[PDB]
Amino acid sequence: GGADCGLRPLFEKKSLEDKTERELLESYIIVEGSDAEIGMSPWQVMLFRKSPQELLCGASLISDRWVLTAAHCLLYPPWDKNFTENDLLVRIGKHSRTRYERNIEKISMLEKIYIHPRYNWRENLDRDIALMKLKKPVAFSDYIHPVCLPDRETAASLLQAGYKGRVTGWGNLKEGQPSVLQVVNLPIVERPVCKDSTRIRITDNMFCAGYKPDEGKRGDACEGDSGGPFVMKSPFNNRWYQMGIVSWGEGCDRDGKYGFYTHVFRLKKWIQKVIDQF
């Protein structure tokens, strides 16, 4: 699925708007978040461990058989983390964090995991991106639907300082756990400001987002949210596009710090190549 990407069965398709999307549109020229609405993020996926039944990370559905996430969720040697297809399963269509959602969610097994060959776990998580092929295609529904991948022009016009994106996840609410999927809208921050907030070498394959100390508003992703989608709604065709992947941050919601995200468009060629070959 991809011709109908970014159009939510319970919102766009019915001409209904969610509680906070206007905030995103008005800016075009999870800690401190809120409960998501049912069907608000139908591409949200839960990365899950089979052994101790645990939430590992968030992820997103980009087609009936492909899930996108952060590579650190799968491979992070400094913490002795190195998962294979058989160590995980994906849960699509969820709202409740712990509750197994009978008749609503779908569970899939992984066929193959592809980690960007130049993923830099040794230093700054440069190119923190991974693709996962589902063993069997997932059937879409009101709660399951793929998000679109950005094209050059969508990335050009939307990825600007001040423009707000949206992050969703079942991660920690503070640096305990939410009962349902949380959502927070955050503004993209100027690259210089991102660089000057950390000692870590940031690259062109990343962007940071969050409110500045003087802005009053707060919000950020936290443990459990990584691998999840940072999305924006295009004001041109009204579809939702995944601009980033929750990558890293120093703590959660700390003043003067910002969440960092993988720049999806810059790595789009690797995505296309992988899906076109495998």
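Throughout, we count residues from 1 along the sequence that is shown.
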Problem set entry | Gap size, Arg191 back to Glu190 (deposited sequence, no coordinates) | none
Exercise. Looking at the deposited entry, does 51-59 or 218-226 carry the larger mean Cα B-factor?
Worked result: 51-59
Exercise. Which has higher Cα B-factors on average according to the PDB entry: 256-264 or 19-27?
Worked result: 19-27
Exercise. Which of these, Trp121, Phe83, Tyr143, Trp170, has its C-alpha atom at the highest B-factor, as the entry lists it?
Worked result: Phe83
Problem set entry | Out of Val147, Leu181, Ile107, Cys208, residue topping the C-alpha B-factor column of the entry | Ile107
Exercise. Mind checking which third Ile115 falls in for C-alpha B-factor across the chain?
Worked result: middle
Exercise. Sorting the chain's CA B-factors, does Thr198 end up in the lowest, middle or highest third?
Worked result: lowest
Problem set entry | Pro78 - Cα temperature factor, lowest/middle/highest third of chain | middle
For this session: Could you tell me which third, lowest, middle or highest, the C-alpha B-factor of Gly162 occupies within its chain?
Result: middle
Problem set entry | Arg99 by Cα B-factor - lowest, middle or highest third of the modelled chain | highest
